[PDB]
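Per-entry structural report
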Amino acid sequence: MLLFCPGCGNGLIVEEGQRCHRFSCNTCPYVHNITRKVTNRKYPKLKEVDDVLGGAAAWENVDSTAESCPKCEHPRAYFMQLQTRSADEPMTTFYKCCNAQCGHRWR
Amino acid sequence: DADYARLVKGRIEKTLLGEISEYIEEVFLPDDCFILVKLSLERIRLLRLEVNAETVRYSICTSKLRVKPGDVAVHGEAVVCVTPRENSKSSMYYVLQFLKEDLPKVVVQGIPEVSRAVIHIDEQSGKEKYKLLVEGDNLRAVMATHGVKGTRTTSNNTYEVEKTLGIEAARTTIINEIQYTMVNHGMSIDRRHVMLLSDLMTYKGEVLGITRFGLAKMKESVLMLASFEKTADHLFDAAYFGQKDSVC
Amino acid sequence: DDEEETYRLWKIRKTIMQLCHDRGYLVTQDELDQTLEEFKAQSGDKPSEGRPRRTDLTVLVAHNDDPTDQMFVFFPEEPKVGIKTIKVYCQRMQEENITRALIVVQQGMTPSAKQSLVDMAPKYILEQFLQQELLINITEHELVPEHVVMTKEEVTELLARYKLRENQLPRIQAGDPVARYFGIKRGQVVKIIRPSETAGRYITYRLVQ
Amino acid sequence: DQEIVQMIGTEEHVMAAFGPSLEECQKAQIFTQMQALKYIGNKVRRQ
Amino acid sequence: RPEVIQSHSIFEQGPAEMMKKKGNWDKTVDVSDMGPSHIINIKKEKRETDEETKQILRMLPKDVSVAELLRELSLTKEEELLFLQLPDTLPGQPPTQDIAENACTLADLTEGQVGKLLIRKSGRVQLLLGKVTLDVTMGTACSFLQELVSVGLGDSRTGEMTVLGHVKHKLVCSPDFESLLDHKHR
Amino acid sequence: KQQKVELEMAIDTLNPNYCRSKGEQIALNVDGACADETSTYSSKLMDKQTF
RNA sequence: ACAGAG
DNA sequence: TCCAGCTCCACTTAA
DNA sequence: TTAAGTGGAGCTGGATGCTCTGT
Ligand SMILES: [Zn+2]
Ligand SMILES: [Zn+2]
């Protein structure tokens, strides 16, 4: 990330001193000792998942005493939760039911 | 089955490191600085890919800044840290900003030249089988990946067919592609004409065009070369070499 | 991995067996039908398996001409093969007194070692193959017809039926992949049996130049 | 450099896209107006 | 570099990755409580959005003029320096100023009550400056350092400079052209 | 007239945000090494920031 | 040099 | 307005 | 340490439908 000198407002560079790494200006004496953990997370865009789970994938989210799907009222359906974008998104829930003479897709 | 098709789809399609990493961060420390990449292994398990942290370590150090393999560690089964160095060729050690946007453009699985791909199905009632449309420019790579029937794959570009399969397959590709383009617009040409065109293009062991550069290797007469394009240069060249011409 | 890598060491060796069958060398029947599960016998999977000197071939003798006409097949372990490794294979070939040798590289070759193979000798001919080409037999592809390399006593009949010279036939390059499959040189004449749309066949001829 | 990046924009990807131009300017010793004008004057085609 | 990399079917434990990641960078050399190692809390580096300066720590909605003139009287009695922009001509006459119907600004009027500021229901704020009702709107919110200083040249070449305070908010005044227009149209 | 206000402010030295190894070098670059008759800084260091 | 026509 | 040749310059191997 | 063979990048030079009918 860009960080700028409070004095002259040029761009700081990271360098190493005798006790710490420092943010340092190239044009004025100002330095800032990195005393503690500092971070910057990008969170880039992940792949699409729409055509990846279709067609009898290796799902696993099913559990004992799981709810039946609302239309058929049978537990013959899978359900999953995934991030669709990066993991700062709150996970969305989706489910699909597959029964005899019955095909549907629901949210 | 489609489960077999998506493995070989992901085996050839260009998959970026920035497309499988959930967060890519710099971490500044009082003793060190590096870049930390945590592989979202859930989306690795869903995409059915042969990639983990040791594969990403090997995908790094292929055309990136000359980073050393010692500079990259595999501390977990997700995290991959890249300690940068001084490039020392018009570069400052603050090159972490270069790798912060450049490291998500390395490829960990697939072919570098393939743009995208799509699973294609048929419609006929007798069967349901899955062919594969690869918008790419590397024929030898698609013929070599496990799971793709290399005895039965073709291309549009005649240069790749000449480079991979030979001159005779390039002749057959020219025939089939000219006839396919003529069929798709409601026209019809007997196959002897396109056969004569393809045998005229491939009778010197190389696919020559119908440009002024392919005609300058097929035809020998100075007047035939100079009555079409670049009229003056052939005249001074035939004056220089003392080239006699036939009137045949 | 350890399944995709041994699959390649199966398929490359099988394609080289079919290549040596096509040129005229001695390949028995139990080497062409070598299944992967039967390939797991002479060497196992990767760490006990040996690439560079354990999967070589020097059994290949030309059964037609003479049992001394022999030909190497090597698997260099490093990706880029330098001059020194070519010197190693050269002194090995010198000691065994073989004249022909194939090389199956893994990624490519450094540019001076490719230049070395041109001027080793006119008697020490070597043929560089990449292994990404040998993963599929280009003869068995549906776009490439059957080629048959002709003898001189058939080329003399060909030039007598059409009353030609040699330099009026069509051409095929020395660096063509199907030309490098049969190892043909400047001067030989190939026969291409092109398939028709009917049940018939067409016969064309090319010159290697 | 701060006022230049202010006039360009204060979003994150805008600064990320503009960063390798500040990194080029700091490679040369251009930090002053007279230095920048001396750099430009050595690139002018003379009339 | 060994190329034939090996993989396995087993599923990674969530906490095992979390604690491995934790152990990779939670190490700290902050034990050096020394002068050089110390750092001044009031001279942190400037993260670029000036409202969002704090990147490192010890651990917005847009306001309207009725919400500014409600907090400065009810929430706190403390005085605040506003910087308001008026229109170019104020509805006055230059008093015997040697004229042409030119611009009448604040450099021509005298001291005294010059107007009454009317705050209305539903957020309307008007500056009634005589027979005309003007309109008052917020300006671009400045978030940098503005200082209302004084300069006194009490003598020929020496004098005093005094700082009076800081300026945070801005007001922009404009004539209500619809209301000035609806009296006599054209 | 033509209002052009030039200030000068003094930054301290004993704070840890003042790398003296760079201040000595920049003061040696700006000042004459021992002249000090007319000189932008009084001491051996950069003490001011002019506006 | 421009406009037409097929 | 679009596209093959020609020439300059870094980039590894090898001695 | 450096000689050398080969990649990649910028510059350069070529080309762009057939006729009549008039001012
Ligand atoms: Zn600074
Ligand atoms: Zn159902």
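As stated in the entry header, the method of structure determination is cryo-EM and the reported resolution is 3.4 Å.

**Structural notes on the overall build of chain B**
In terms of regular secondary structure, chain B is built from eleven helices and eight strands. Taking 248 residues into account, the globule formula puts the C-alpha radius of gyration at 18 Å, and chain B, at 27 Å, lies well above it. By principal-axis analysis of the C-alpha atoms, chain B measures approximately 85 × 60 × 25 Å. Taking all 248 residues of chain B together, 44% fall into the buried category. For chain B, restricting intrachain contacts to residue pairs at least 6 apart in sequence, the fraction spanning at least 24 positions comes to 49%. Summed over its atoms, the accessible surface of chain B is roughly 13800 Å², and 53% of this surface lies on carbon and sulfur atoms. A gap of 4 Å separates the mean positions of the 33 positive and 35 negative side-chain charges of chain B.

**Quick look at the overall build of chain D**
When helices and strands are counted, chain D shows three helices and zero strands. Each helix and strand of chain D, placed in order from N terminus to C terminus, yields the pattern α-α-α. Expressed along its principal axes, the backbone C-alpha trace of chain D runs to roughly 40 × 20 × 15 Å. Counting across all 47 residues of chain D, residues that qualify as buried make up 19%. For chain D, the computed accessible surface area is about 3900 Å², with 57% contributed by carbon and sulfur atoms. Taking the 5 positively charged and 6 negatively charged side chains of chain D as two groups, their mean positions are separated by 24 Å.

**Brief notes about the coordination of the zinc ion (ligand 1)**
All names here are of chain A. Here the zinc ion (ligand 1) is held by the protein donor atoms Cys-5 (SG), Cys-8 (SG), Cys-25 (SG) and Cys-28 (SG), which lie 2.5 to 2.6 Å from it. Taken together, the four donor atoms surrounding the zinc ion (ligand 1) define angles of 91 to 151° at the centre, an arrangement classified as irregular. All donors of the zinc ion (ligand 1) belong to a single chain; written as a sequence motif, their spacing is C-x2-C-x16-C-x2-C. Note that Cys-5 is positioned in the segment before β1 (13–16) and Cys-25 in the loop between β2 (21–24) and β3 (31–33), a separation of 20 residues in sequence. The pair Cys-5 / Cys-25 is uniform in exposure class, with both members buried.

**Some details on the interface of chain A and chain B**
On the chain B side, the residues contacting the 34 residues of chain A number 26 residues. Carbon and sulfur atoms make up 56% of the surface buried where chain A meets chain B, a total of about 2800 Å² over both sides. Linking chain A to chain B there are two salt bridges. A salt bridge links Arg-41 of chain A to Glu-25 of chain B, with the shortest nitrogen-to-oxygen separation between them at 2.9 Å. The interface formed by chain A and chain B includes eleven residue pairs in polar contact. Among the elements that take part in the side of chain A that touches chain B, strand β4 (residues 38–41) of chain A stands out by supplying four residues, more than any other. Across the side of chain A that touches chain B, the residue classes tally to 18 nonpolar, nine polar and seven charged. Summarising the sheet, β4 of chain A and strand β2 (residues 21–28) of chain B pair through four bridges and their orientation is antiparallel. Across the sheet, residue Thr-39 of chain A finds its bridge partner in β2 of chain B, namely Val-27 of chain B.

**Quick look at the sheet that holds β4 of chain A**
Spatially, the five strands line up as an open sheet ordered β4(A)-β2(B)-β3(B)-β5(B)-β4(B), and their pairing is antiparallel. Every other strand in the sheet has two partners, leaving β4 of chain A together with β4 (72–73) of chain B as the edge strands with one partner each. Of the strands in this sheet, β4 of chain A together with β2, β3 (33–39) and β5 (79–82) of chain B are in contact with helix α1 (residues 14–25) of chain E, which crosses β3 of chain B at around 175°.

**Things to note about the pairing of strand β1 (residues 71–74) of chain C**
Residue and element names in this part refer to chain C. Side chains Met-71 and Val-73 project from β1 onto one buried face, and the interleaved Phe-72 and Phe-74 project onto a second face that is buried too. The sheet contact formed by β1 and strand β3 (residues 100–105) spans four bridges and is parallel. Within β3, the residue paired with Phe-72 across the bridge is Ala-101.

**As for the protein's contact with DNA strand I**
The environment of DNA strand I is made up of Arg-212, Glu-229, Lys-230 and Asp-233 of chain B together with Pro-111 of chain C. Counted by atom, the contact set of DNA strand I within 4 Å of the protein is 100% sugar and phosphate. Within the backbone of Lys-230 of chain B, one N or O atom sits 3.2 Å away from a phosphate oxygen of DNA strand I. Among the residues making up the surface near DNA strand I, the classes are represented as one nonpolar, no polar and four charged.

**Some details on the sheet that holds strand β7 (residues 171–172) of chain C**
Residue and element names in this part refer to chain C. In spatial order, the strands read β6-β8-β9-β7; together these four strands make up an open sheet with mixed pairing. Two strands in the sheet have a free side with no partner beyond their single neighbour: β6 (146–149) and β7. As paired elements, β6 and strand β8 (residues 189–195) share four bridges and run antiparallel to each other. Bridging from a neighbouring strand, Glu-146 pairs with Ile-193 of β8.

**What to know about the side chain of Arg-140 of chain B**
The residue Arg-140 of chain B is located in helix α5 (residues 139–142) in this model. Overall, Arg-140 of chain B belongs to the buried group, its relative accessible area being 18%. A polar atom in the side chain of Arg-140 of chain B sits 2.9 Å from the side chain of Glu-133 of chain C.

**A look at the environment of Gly-165 of chain E**
Position of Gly-165 of chain E among the secondary structure elements: in strand β6 (residues 160–175). Sequence-distant contacts of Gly-165 of chain E, defined by excluding residues within four places in its chain, comprise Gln-146, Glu-147 and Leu-148 of chain E.

**Thoughts on a nonpolar patch on the surface**
On the surface, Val-149, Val-151, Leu-153, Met-161 and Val-163 of chain E together with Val-5, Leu-7, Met-9 and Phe-51 of chain F cluster together into a nonpolar patch covering about 880 Å² of accessible area. Elements supplying a minimum of two residues to the nonpolar patch: β5 (147–152) and β6 of chain E. Following the sequence through the fold, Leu-153 of chain E ends up in the loop between β5 and β6.

**As for the nonpolar core**
Residues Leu-165 of chain B together with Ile-16, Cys-20, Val-73 and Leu-102 of chain C are the most contacted members of the largest nonpolar core, which totals 44 residues. Those elements that place two or more of their residues in this core are α7 (167–183) of chain B together with α1 (4–23), β1, β3 and α6 (177–182) of chain C. The element contributing the most residues to this core is α1 of chain C, with seven residues. Each of two domains, domain 1 (1–136) and domain 2 (137–209) of chain C, supplies a minimum of three residues to this core. Filtering out sequence-adjacent residues up to four positions away, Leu-165 of chain B remains in contact with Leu-139 and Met-143 of chain B together with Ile-138, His-141, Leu-143, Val-144 and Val-178 of chain C.

**A short note on unusual backbone geometry**
The backbone phi angle of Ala-56 of chain A is positive, close to 55°, even though this residue is not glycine. Locating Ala-56 of chain A in the fold gives a position in the loop between α1 (50–53) and β5 (77–82). According to the relative accessible area criterion, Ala-56 of chain A is exposed, its value standing at 70%. The phi angle at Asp-98 of chain E is positive, at roughly 55°, despite the residue not being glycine.

**Overview of the packing of aromatic side chains**
Residue and element names in this part refer to chain C. Counted according to the given criterion, the structure contains eight aromatic pairs over all chains. Ring centres of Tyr-7 and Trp-10 lie 5.5 Å apart, and the angle between their planes is 55°; this geometry places the pair in the tilted category. Of the two residues, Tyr-7 and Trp-10 are both situated in helix α1; the distance of three residues between them amounts to about one turn of the helix. Given a relative accessible area of 22%, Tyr-7 falls into the partly exposed group. Here the aromatic rings of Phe-72 and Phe-74 are separated by 4.8 Å at their centres, their planes lie at 20°, and the arrangement is stacked.

**Quick word on a positive patch on the surface**
A cluster of basic residues, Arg-66, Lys-68 and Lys-89 of chain B, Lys-80 of chain C together with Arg-1 of chain E, forms a positive patch at the surface. Examined against the element boundaries, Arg-66 of chain B turns out to sit in the loop between α3 (53–59) and β4. In this structure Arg-66 of chain B comes out as exposed when scored by relative accessible area, which is 69%.

**Digging into the packing of α7 of chain B against helix α8 (residues 191–201) of chain B**
All names here are of chain B. Two elements in contact, α7 and α8, have axes whose closest approach is 9 Å; the angle formed by their N-to-C orientations is 145°. The crossing of α7 and α8 is right-handed. Of the residues in α8, those in contact with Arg-171, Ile-174, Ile-175 and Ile-178 of α7 are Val-194, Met-195, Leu-197, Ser-198, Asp-199 and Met-201. Of the residues in the contact of α7 with α8, the class split is seven nonpolar, one polar and two charged.

The rules behind the values
- Residues numbered from 1 in each chain as written, not as in the entry; some residues may be left out.
- Chains lettered and ligands numbered in written order.
- Part of a larger assembly, values for the part shown.
- Heavy atoms only, no water.
- Helix = DSSP H or I, 4+ residues; strand = E, 2+ residues; numbered from the N terminus.
- Rg over C-alpha atoms; globule rule 2.2 N^0.38 Å.
- Buried < 20%, exposed > 50% of the residue type's maximum accessible area, 1.4 Å probe, protein only.
- Contact = heavy atoms within 4.5 Å.
- Areas by Shrake-Rupley, 256 points an atom, 1.4 Å probe, with all protein chains shown as cover.
- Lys, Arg positive; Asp, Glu negative; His and termini not counted.
- Charge placed at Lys NZ, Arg CZ, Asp CG, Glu CD.
- Donors = N, O, S within 2.8 Å, 3.2 Å for Na, K, Ca; no water.
- Tetrahedral: all angles 85-135°; square planar, octahedral: opposite > 155°, others 65-115°.
- Buried area = accessible area lost by both parts, 1.4 Å probe.
- Salt bridge = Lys/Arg side-chain N within 4 Å of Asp/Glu carboxyl O.
- Polar contact = N/O pair within 3.5 Å; in protein donor to acceptor, adjacent residues only side chain to side chain.
- Nonpolar A, V, L, I, M, F, W, Y, C, P; charged D, E, K, R; others polar.
- Pairing = 2+ DSSP bridges.
- Axes fitted to C-alpha atoms, helices over the stretch in contact; angles between N-to-C directions.
- Near = heavy atom within 4 Å.
- Patch = residues over 30% accessible without salt bridge, like charges linked within 9 Å, V, L, I, M, F, W, Y side chains within 5 Å.
- Core = buried A, V, L, I, M, F, W, Y, C linked by side-chain atoms within 4.5 Å.
- Domains from an automatic or database assignment.
- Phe/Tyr/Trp six-rings, centres within 6.5 Å; stacked < 30°, edge-to-face > 60°.
- Left-handed = near helix turned anticlockwise from the far one by under 90°.

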